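Next up: a single chain in C-alpha cells, the form deposited in one PDB entry.
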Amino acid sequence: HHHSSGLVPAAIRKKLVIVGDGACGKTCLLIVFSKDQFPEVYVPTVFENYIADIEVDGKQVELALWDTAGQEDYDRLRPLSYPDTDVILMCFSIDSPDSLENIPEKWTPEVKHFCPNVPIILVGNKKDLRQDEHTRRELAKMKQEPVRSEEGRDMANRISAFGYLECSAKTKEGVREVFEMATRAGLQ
C-alpha cells in the first residue's frame, strides 16, 4: 500500500520505546535528544542503553530510551522491548510518505497488540526535508511529495495518538518538544 498524494484536504522513572520504519531517523533522534549532537558520520542501528534526565512541567523525570530496529527482519525480536513501556514514539519520515502509510499498516497494529493502552506520540522525522529539492524531485518521479503536516495530523487522529509533532534531528528543530510531549504522556 503506497501513499497517494492529496487525499487529505523525587525523580519519576519512565520507559520510552521508539519504533518506525527502517531509516526513518529513530536513532539520530535519540542521539540528538541525549547528546545534543547530530551524528554526521557513524550511526549505530540502535542507540546505546541510555537514561535521559528531563524536566517537564516542574517534574523531574528519568526517561529510559529503548531504541528498536525498523526493518522487517527484526520483527520477531522487537516485541522483547515492549513490556512495561510508558510511552511510545511512533515515527515516520517526512521524506517518505510510504513510511507514513506503514503507521496504520504495520506499527499501530504491532504497538497496540504489545502495548495496549500505552500512549503513542506520532512523530514526523526529518522535517528539514519537507521542501528539499532532491527529496521533492525523487518523490515527484513516483507521483509523491513530502508528507504534509495535515497528513501527519490526520494519521495521528486516525490512530488515536496522544499527539503529533514534527522534528528534525539534523537541524534540532522540535526535538526537545518531542520528548517533552512523550514525558507528559508517560506521566498521565
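Whichever C-alpha set is largest while still superposing within 1.5 Å between the two forms counts as the rigid core. All residue numbers refer to positions in the sequence shown, first residue = 1. Residues that one form lacks are left out of the comparison.
Below, we turn to the form deposited in another entry, even though it does not appear here.
**Student:** Is residue 105 one of the residues whose C-alpha moves 2 Å or more between the shown form and the other one after the core fit?
**Tutor:** Superposed on the core, residue 105 moves its C-alpha less than 2 Å between the shown form and the other one.
**Student:** Once both forms sit on the same rigid core, is the C-alpha displacement of residue 84 at or above 2 Å between the shown form and the other one?
**Tutor:** After core superposition, the displacement of the residue 84 C-alpha between the shown form and the other one stays below 2 Å, so no.
**Student:** Fitting the rigid core first, would the Cα of residue 70 be found 2 Å or more away between the shown form and the other one?
**Tutor:** Yes, its C-alpha moves 2 Å or more.
**Student:** After the core superposition, state the residue ranges of at least 3 consecutive residues in which each CA shifts by 2 Å or more between the shown form and the other one.
**Tutor:** 70-77 is the only stretch that shifts between the shown form and the other one.
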